[PDB]
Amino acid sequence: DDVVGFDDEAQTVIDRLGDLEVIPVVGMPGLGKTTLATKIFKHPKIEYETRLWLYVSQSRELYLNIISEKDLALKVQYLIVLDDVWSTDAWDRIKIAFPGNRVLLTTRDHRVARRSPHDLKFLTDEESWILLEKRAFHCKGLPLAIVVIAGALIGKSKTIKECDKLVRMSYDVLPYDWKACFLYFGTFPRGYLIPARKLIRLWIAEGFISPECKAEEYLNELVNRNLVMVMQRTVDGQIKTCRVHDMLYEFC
């Protein structure tokens, strides 16, 4: 629950939630579409809608994850979130899954206009100050830009720094041992969900070096530097599934 400025923005999409609606959330990458959907998915809706997350991307086999296309269209038979849809043809074939039920949609494409698209707002100058203050201590409205800005120097003046170059600005302050592990996310598909334990054994074999213990600390710091997003946690090993943002992936 570390989200700012989306209290009034989520309610607007909640009032949107007459048998099956689309509800598309349009916005440039890094604006907070996945973050807003998480706030909406976990908003007090126990008495309203069940509730499962289905992450797709630019990549039919995701039907079975809770419990041959004919078998994939019969046993699928509420509110379910679609994380990232890239084209109209991707939704025009997956929609025949399970027809007061709704489906939440977030995407970066305005061409996916299916029924008025709710364009996500930008953080104001005051709400951006709150996000930067809490993400550094604990610029133009883009939350990803505010997130990438990692305070490596805590001096009396930080005016020396007043989206690729912002990633480079946090990339230049990374130690040499962390650069090879951060760029290794380019060897995986765009938006790939990498298991943390598997990624650690891959870093050891690649020569990025007890070794499995400090490799987690390399992953913890990259998350602390706000460069790697943790998707799933647990109680046996904490960080379970992680991924890198699509804008940070273009840099890798």
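For every residue, the number given is its place in the sequence shown, counted from 1.
The modelled chain breaks between residue 138 and residue 139, where 10 or more residues of the deposited sequence lack coordinates. According to the entry, the stretch of the deposited sequence that connects residue 17 to residue 18 contains 4 to 9 residues lacking coordinates, which leaves a gap of moderate length in the model. Look at the mean CA B-factor for 50-58 and for 218-226 in the entry; the higher one is 50-58.
Stretch comparison (182-190 versus 33-41) by mean CA B-factor in the PDB entry places 33-41 on top. Reading the B-factor column for the CA atoms of 132, 82, 167, 97 in the entry, the top value corresponds to 97. Considering 76, 174, 142, 148 together, the PDB entry gives 76 the largest C-alpha B factor.
Among all modelled residues in its chain, residue 106 ranks in the middle third by Cα B-factor. Per the PDB record, residue ranking by Cα B-factor puts residue 202 in the lowest third of the chain.
Split the chain's modelled residues into thirds by C-alpha temperature factor. Residue 2 is in the highest one. Ranked by Cα temperature factor within the chain, residue 209 sits in the middle third according to the deposited record.
For residue 26, the recorded CA B-factor ranks within the middle third of the chain. Only modelled residues enter the ranking.
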